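FYI, side chains are in, hydrogens and waters are out, and symmetry mates aren't considered; it's all heavy atoms of this structure. Proteins get letters first, then strands, A, B, ... in listed order; numbering begins at 1 in each.
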Amino acid sequence: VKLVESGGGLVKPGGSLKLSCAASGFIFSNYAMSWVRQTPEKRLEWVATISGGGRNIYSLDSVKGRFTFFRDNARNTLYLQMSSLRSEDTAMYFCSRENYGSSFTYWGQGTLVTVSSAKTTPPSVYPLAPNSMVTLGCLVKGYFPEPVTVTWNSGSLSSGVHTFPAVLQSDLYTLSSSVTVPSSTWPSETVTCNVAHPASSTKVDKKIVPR
Amino acid sequence: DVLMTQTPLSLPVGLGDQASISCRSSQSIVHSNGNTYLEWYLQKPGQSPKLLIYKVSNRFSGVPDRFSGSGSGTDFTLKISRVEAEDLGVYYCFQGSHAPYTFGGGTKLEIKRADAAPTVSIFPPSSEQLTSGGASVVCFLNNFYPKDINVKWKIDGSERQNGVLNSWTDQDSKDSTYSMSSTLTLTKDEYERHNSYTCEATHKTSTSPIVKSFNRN
């Protein structure tokens, strides 16, 4: 059972957005599907559920008149049509499959929807440079909306890496990422943080050089 | 609308020790058909929620025997016999008996490990950032336990509250630690105006601060 959601992104208050969920691995028309969302405070909220054949549709009352749900059983696909979006609707949206006895039995990876008037803005990426280990980072500043993606040396360096959660300040997110590597291998060998921000189609590869 | 609460909000527990999470509904959640559709979900950091338990006490397929569900009417419990590090995260109850279906607000399970002190790094801004009129100064406090910590910025010896942003990781399941970032954002003009930059970190692993510092030269 694979479920993969798409179509998320930034939209202005009042606007519209269409989400998709593609299923495989099962006879799609036999199972009810559901949309479930998670706000930035991490509360989960059921939004709607639609029966296998699509005749019965149950949803939250606050989305009646605005959200529409349907499914194409031939194409193995589920859809959510949003309109009159409000800032409260900002959330990760998850599709999910029912199963005898339980409600949200298999979940997808989710797709992030940001309802807001802030302009899209690509990140600026800056090297953070300064014992057997040494710590480096990069600062990803002034971007919008979430998410960004940060790898070190194109993924060849997962060992001692963490990324801090982004922080909003005046319509722009800011985030940082640290890596820890052996002193003897840096500067001698190179360290490069790779940042991608799909919402602006930006990719920056920023080499950490000593001061 | 039916209504779920969970307790406690967070739950600190040692490896191999036991844990219990309570879920209360504001009214009965028996379905007309006779069943109780109460389910428990676990969301590990950076992941989708996963089903653990359905209809109050039935372990979903693949879920370890260490998880068990009980309760009746309006009160329910998730018990974990023996806590592993992988079990870290947020646990949500959910009722599926009465439209609109609802979740509890979540319960953070925290692994209690041996105390650890932060490893402090401090970073002057890049020349690339200065050239465009900005100057961020960053402090990393890596791999410490417990999560409570105080950080402060001093510039030429005096404190700075203004323009300081802080960010904590979730707890890491590899070790069982927390990290935090602290950033002080200034103009190049405000940055060149001073010389000594310092973050001091306070934590129960020591009676006295951990201080990293640099001089703009």
Side-chain angles (χ1 to χ4, degrees), chain A residues 40 121-130 133-155 157 160-168 172-181 186 191-197 199-200 202 204 206 208-210, chain B residues 45-46 118-130 132 134-144 147 149 151-153 160 163-172 177-186 191 197-199 201 210 212 214:
Chain A
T121 306
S124 290
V125 179
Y126 296 129
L128 295 154
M133 305 298 302
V134 63
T135 298
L136 314 172
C138 61
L139 182 58
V140 183
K141 197 177 190 299
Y143 69 92
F144 188 88
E146 290 266 67
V148 293
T149 231
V150 187
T151 71
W152 292 89
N153 277 341
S154 304
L157 203 52
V161 172
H162 48 262
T163 289
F164 302 87
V167 173
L168 202 35
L172 293 173
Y173 286 99
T174 283
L175 160 160
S176 48
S177 182
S178 58
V179 67
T180 301
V181 305
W186 181 87
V191 179
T192 294
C193 107
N194 304 113
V195 174
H197 184 231
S200 52
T202 301
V204 185
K206 179 53 64 181
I208 317 296
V209 176
Chain B
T119 294
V120 184
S121 318
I122 196 171
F123 300 106
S126 49
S127 64
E128 210 193 355
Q129 187 181 29
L130 290 166
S132 46
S136 281
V137 194
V138 179
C139 196
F140 290 156
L141 281 78
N142 287 355
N143 300 293
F144 66 93
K147 196 183 189 209
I149 199 159
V151 170
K152 46 187 47 149
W153 288 98
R160 228 258 182 179
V164 166
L165 290 168
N166 292 336
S167 175
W168 280 259
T169 56
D170 284 326
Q171 204 181 16
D172 196 0
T177 67
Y178 299 95
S179 304
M180 93 152 256
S181 196
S182 184
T183 299
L184 175 55
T185 303
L186 305 154
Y191 169 71
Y197 290 83
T198 305
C199 39
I210 294 148
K212 291 316 188 78
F214 73 92

Does some side-chain heavy atom of [Y] sit less than 4.5 Å from a side-chain heavy atom of [X]?
X        : Y        : answer
B:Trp153 : B:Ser182 : yes
A:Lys141 : A:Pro123 : no
A:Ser176 : B:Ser181 : yes
B:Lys152 : B:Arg160 : no
A:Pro210 : A:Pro130 : no
A:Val191 : A:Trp152 : yes
A:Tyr173 : A:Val140 : no
B:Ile149 : B:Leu141 : yes

Can a donor-acceptor pair be found, under 3.5 Å and without considering hydrogens, that links the side chain of [X] to the backbone of [Y]?
X        : Y        : result
A:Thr135 : A:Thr180 : no
B:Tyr178 : B:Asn142 : no
A:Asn153 : A:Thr192 : yes

Nearest 0.5 angstrom please: [X] [atom1] to [Y] [atom2], how far?
X        : Y        : atom1 : atom2 : result
A:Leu128 : B:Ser126 : CG    : OG    : 7.5 Å
B:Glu128 : A:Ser124 : CD    : OG    : 8.0 Å
A:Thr174 : A:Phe164 : OG1   : CZ    : 14.0 Å
B:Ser121 : B:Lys212 : OG    : NZ    : 6.5 Å
B:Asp172 : B:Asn143 : CG    : CG    : 7.0 Å
A:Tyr126 : A:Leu139 : OH    : CG    : 8.0 Å

Exercise for the section: Please name the pair of heavy atoms, one in A:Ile208 and one in A:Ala129, separated by the smallest distance, quoted to 0.1 Å. Expected result: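 It is CG2-CB, 4.0 Å.
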Handout entry: Closest non-hydrogen atom pair, A:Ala166 against A:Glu146
Key =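 Minimum heavy-atom separation between A:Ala166 and A:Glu146: CB-OE2, 3.3 Å.
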Exercise for the section: Give the intermediate values and the outcome of side chain to side chain contact (heavy atoms under 4.5 Å, CB included) for residues A:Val181 and A:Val134. Expected result: CA-CA 5 Å; A:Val181 305; A:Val134 63; 3.8 Å; yes
Checking [X] now: which residues fulfil side chain to side chain donor-acceptor pair (under 3.5 Å) with it, not counting sequence neighbours?
X        : result
A:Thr163 : A:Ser177
B:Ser179 : A:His162
B:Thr119 : none

Fill in the blank from the handout: Residues at least two apart in sequence or cross-chain that pass ring pair (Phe, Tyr, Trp, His ring centres under 6.0 Å) with B:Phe123, listed by chain then number, are B:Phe140
Practice task
Walk me through it: do B:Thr177 and B:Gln171 pass the test side chain to side chain contact (heavy atoms under 4.5 Å, CB included)?
Solution key: CA-CA 5 Å; B:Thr177 67; B:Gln171 204 181 16; over 6 Å; no
Exercise for the section: List the steps, then state whether side chain to side chain contact (heavy atoms under 4.5 Å, CB included) holds for A:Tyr143 with A:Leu175. Expected result: CA-CA 9 Å; A:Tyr143 69 92; A:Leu175 160 160; 3.6 Å; yes
Problem - Test item: side-chain donor near acceptor, B:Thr183 and B:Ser136, under 3.5 Å - result: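 On atom types as modelled, these side chains do not qualify, holding no pair under 3.5 Å.
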